[PDB]
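Before any comments, here is the structure.
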Amino acid sequence: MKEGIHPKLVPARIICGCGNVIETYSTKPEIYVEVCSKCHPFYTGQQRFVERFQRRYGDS
Amino acid sequence: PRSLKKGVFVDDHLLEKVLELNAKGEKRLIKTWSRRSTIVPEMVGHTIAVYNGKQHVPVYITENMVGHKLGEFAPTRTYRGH
Amino acid sequence: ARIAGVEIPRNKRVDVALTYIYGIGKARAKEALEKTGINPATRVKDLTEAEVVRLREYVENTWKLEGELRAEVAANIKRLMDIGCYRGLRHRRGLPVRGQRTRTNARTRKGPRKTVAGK
Amino acid sequence: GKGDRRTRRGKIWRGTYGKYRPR
Amino acid sequence: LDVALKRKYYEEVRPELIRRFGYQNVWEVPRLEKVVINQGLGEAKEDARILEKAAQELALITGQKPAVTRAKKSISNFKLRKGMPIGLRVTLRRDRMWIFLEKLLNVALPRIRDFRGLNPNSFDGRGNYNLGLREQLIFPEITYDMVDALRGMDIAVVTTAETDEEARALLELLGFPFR
RNA sequence: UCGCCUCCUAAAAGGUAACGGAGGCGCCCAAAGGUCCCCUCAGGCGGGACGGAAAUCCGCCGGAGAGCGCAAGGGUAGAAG
RNA sequence: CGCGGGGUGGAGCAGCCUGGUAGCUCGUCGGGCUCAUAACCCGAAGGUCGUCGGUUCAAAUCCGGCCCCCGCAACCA
RNA sequence: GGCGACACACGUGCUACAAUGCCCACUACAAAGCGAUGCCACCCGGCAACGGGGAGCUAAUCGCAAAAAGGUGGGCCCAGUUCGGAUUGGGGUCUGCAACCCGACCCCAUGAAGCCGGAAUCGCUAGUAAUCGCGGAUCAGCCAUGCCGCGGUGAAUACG
Ligand SMILES: [Mg+2]
Ligand SMILES: [Mg+2]
Ligand SMILES: [Mg+2]
Ligand SMILES: [Mg+2]
Ligand SMILES: [Mg+2]
Ligand SMILES: [Mg+2]
Ligand SMILES: [Mg+2]
Ligand SMILES: [Mg+2]
Ligand SMILES: [Mg+2]
Ligand SMILES: [Mg+2]
Ligand SMILES: [Mg+2]
Ligand SMILES: [Mg+2]
Ligand SMILES: [Mg+2]
Ligand SMILES: [Mg+2]
Ligand SMILES: [Mg+2]
Ligand SMILES: [Mg+2]
Ligand SMILES: [Mg+2]
Ligand SMILES: [Mg+2]
Ligand SMILES: [Mg+2]
Ligand SMILES: [Mg+2]
Ligand SMILES: [Mg+2]
Ligand SMILES: [Mg+2]
Ligand SMILES: [Mg+2]
Ligand SMILES: [Mg+2]
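Same order as they appear, the protein sequences are chains A, B, C, D and E. If you count the first sequence from 1, position 49 lands on 936 in this note's numbering, and the numbers rise without skipping. If you count the second sequence from 1, position 9 lands on 413 in this note's numbering, and the numbers rise without skipping. If you count the third sequence from 1, position 36 lands on 703 in this note's numbering, and the numbers rise without skipping. If you count the fourth sequence from 1, position 18 lands on 52 in this note's numbering, and the numbers rise without skipping. If you count the fifth sequence from 1, position 164 lands on 197 in this note's numbering, and the numbers rise without skipping.
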């Protein structure tokens, strides 16, 4: 690289809602992150949050 | 809407030709005037001829017609833009 | 700090900073501050990064929210459109649905007034 | 405002009671 | 040089890849060369200052400052005089590729609003994969307190895999969320 | 119409006429000049936020159909770009 | 066929020379004042610029042909 | 079924665009008129609408009843906002044989136009105009912001 003009790219430690993210190798060490994904919330470990009327009215 | 626990309401002169078909073995065309009536699970698959004010409209019934009164699907006036 | 989606709120207050979330307001919120046992009248500018991650992961993982919620309302209509439902014809070709008269002001649901010509 | 049904001031106007106008 | 994905590529990506298609030679393996980020900014035509803040931002998230594309030919329908800057574009590879790529998967993508997956049809038929971003503040180095305007980029991912399924495999086992 | 340039007429050297067929010139450039090093096009197909036929990117294919300030002709990437 | 000027919202006229951006009066439409109409007042709409091709990055604008328009001219014989 | 259509045009209105203001707690001060085919105290479930029960009164006896502005304390800090409550999703509740067309109401989410309105133009001279609640008719319910009444606080200004 052209010595001078680049960002410094030191190893970092980064966080998320889960445990720490390890590798991190980044400009500006020690950043926080609202959502990283290895969760088993959020789409990895899938999980949710026609259907209704045949239940509620069925006898009533 | 319809008070829950009081129905739900299907005009029983209509229900009387569907539990007369779905739990019969005969299953074919029907032609009503009762749009005030709620719906299946026991009519879904039949073909009811609904009334608009002027004549009898055909509707096929599916599971996404969850609890819609029978006139939600046979509208009452004509526009066609211009 | 950030909540559902990102939807970063800040200074104002903590109880209102949640109105500014889509899918939440003044009711789905004032409860979820005692669910985390959190004083409302404090400000998202100052509140422990501890008590932030209760809320962040409380609400995202409580119910349908900003993204998945608008996702829900959308295909709820293409359900009513594409189906022939009356309430959904007033969508397929764009008019008021529940009740009111259309010989006068629908100018919210009907777009700005497009004058034409008189007899 | 006299038409915010979700307030005390608007429930008085409409004449109804609720969570925001109890008795 | 120890970067976790560079590690994870060699141990547990290559093996599962060799035994999945069956490779005579060690080089026939799909290898990950030259991911390239391109910020198309017509949004800086008369304002020159929009670019210099954009590039300080993009470098902050790649450890290289980008080079500046300039306008190939002059086109009228949009202002576009024939020499102007219309975007930034950085080629990063070779362990800078990785520390960028690994970061993107952990933090960036899961921070994308509503994220039901990465559409898996962007394979260009000779085994490279490109995708586009909306906002810049999904990366860790972007504070929401330095975004003067929201603007995204296109991302190229070049791969030595002669076909797309091997491109598909190389990237999946690398940890790429598809549909 | 009147001088200069390009093509054809022009009969494969040159030259060749008509109130024959068609176009340009009366400038421009301090870099659009010298040199040394480097680079290679138009176009098409696939891919890619705001990008639409064509702003930018990435892939393959592309021997010159691009470019060479301005008209045409000749020339030209093994460069004159 | 000869020279010259032109063709632009419904009418009439600018804009074209000097490429980027279509304007003025009237009319038309919606609303006012009026018992009512006109006048008057407040808003609005409305066009690819004869046409085809070329030029340029971009064409009402520059270039060629065509087409209509007005004007001038066809003398010695 | 329609009278409830919707490219649009006008009349009478309501609610607003906010800090003399919004919200929440506590706390007061009226009149008229209705109601034993009804008005429902008080208890219980319910966020609530409402539903259970149930006491009283043919009613200066009992009930609709809380009057609201105001008062007190406190929160919001000039922000399309805790202004504003239009539109739409979902969940219910009661009337009624029935609520798609086409009902009222409660709750959760949504928060739209609107930052005092061109030419024009209306009402009002005193307890009036403004602003705030309340009742009644019709009436199952109700599209009431309407109509007829009731009291609360309470201006400005008329040379001519
Ligand atoms: Mg209604
Ligand atoms: Mg209607
Ligand atoms: Mg409000
Ligand atoms: Mg009422
Ligand atoms: Mg009402
Ligand atoms: Mg009452
Ligand atoms: Mg390849
Ligand atoms: Mg010769
Ligand atoms: Mg003579
Ligand atoms: Mg009817
Ligand atoms: Mg009527
Ligand atoms: Mg009204
Ligand atoms: Mg008023
Ligand atoms: Mg009395
Ligand atoms: Mg209770
Ligand atoms: Mg009463
Ligand atoms: Mg203000
Ligand atoms: Mg606005
Ligand atoms: Mg109805
Ligand atoms: Mg008087
Ligand atoms: Mg008021
Ligand atoms: Mg009534
Ligand atoms: Mg009323
Ligand atoms: Mg009333």
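Yeah, the Cβ is synthetic: ideal placement off N, Cα and C, and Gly gets one too.
C-beta neighbour in chain A for residue i, strict 8 angstroms
i: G457 of chain B; result: no
i: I119 of chain E; result: no
i: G411 of chain B; result: yes
i: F148 of chain E; result: yes
i: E168 of chain E; result: no
i: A37 of chain E; result: yes
i: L423 of chain B; result: no
i: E135 of chain E; result: yes
i: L408 of chain B; result: yes
i: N728 of chain C; result: yes
i: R122 of chain E; result: no
DSSP state of residue i mapped onto helix, strand, coil
i: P928 of chain A; result: coil
i: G704 of chain C; result: coil
i: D147 of chain E; result: coil
i: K435 of chain B; result: strand
i: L121 of chain E; result: strand
i: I750 of chain C; result: coil
i: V920 of chain A; result: coil
i: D197 of chain E; result: helix
i: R57 of chain D; result: coil
i: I909 of chain A; result: coil
i: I901 of chain A; result: strand
i: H450 of chain B; result: strand
i: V191 of chain E; result: strand
i: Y455 of chain B; result: strand
i: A741 of chain C; result: helix
i: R103 of chain E; result: strand
i: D713 of chain C; result: strand
i: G692 of chain C; result: coil
CB contact below 8 angstroms: residue i versus chain C
i: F940 of chain A; result: no
i: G904 of chain A; result: yes
i: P479 of chain B; result: yes
i: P898 of chain A; result: no
i: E921 of chain A; result: yes
i: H472 of chain B; result: yes
beta-carbon residue i near ligand 1 non-hydrogen atom, thresh 7 angstroms
i: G766 of chain C; result: yes
Ligand 4 heavy atom lying under 7 angstroms from the CB of residue i
i: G471 of chain B; result: no
i: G49 of chain D; result: yes
beta-carbon residue i near ligand 3 non-hydrogen atom, thresh 7 angstroms
i: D38 of chain D; result: yes
i: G52 of chain D; result: no
Cβ of residue i within 8 angstroms of any chain E Cβ
i: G734 of chain C; result: yes
i: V683 of chain C; result: no
i: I675 of chain C; result: yes
i: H927 of chain A; result: no
Heavy atom of ligand 7 within 7 angstroms of residue i beta-carbon
i: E727 of chain C; result: no
i: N161 of chain E; result: yes
i: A194 of chain E; result: yes
Near ligand 2: residue i beta-carbon under 7 angstroms from a heavy atom
i: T709 of chain C; result: no
i: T769 of chain C; result: yes
Min CB distance residue i to chain B below 8 angstroms
i: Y753 of chain C; result: yes
i: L756 of chain C; result: yes
i: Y912 of chain A; result: no
i: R746 of chain C; result: yes
Complete runs of the alpha helix (DSSP H) confined to the region 124 to 174 of chain E [at least 4 residues]: 129 to 136
Runs of alpha helix (DSSP H) lying entirely within the region 53 to 98 of chain E, each at least 4 residues, in chain order: 82 to 93
Contact list for the region 439 to 470 of chain B against chain A, Cβ threshold 9 angstroms: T442, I443, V444, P445, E467, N468 and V470
Where the region 685 to 704 of chain C meets chain B: residues whose CB sits under 7 angstroms from a CB there: none
Entirely enclosed alpha helix (DSSP H) segments - the region 457 to 485 of chain B, minimum 4 residues: none
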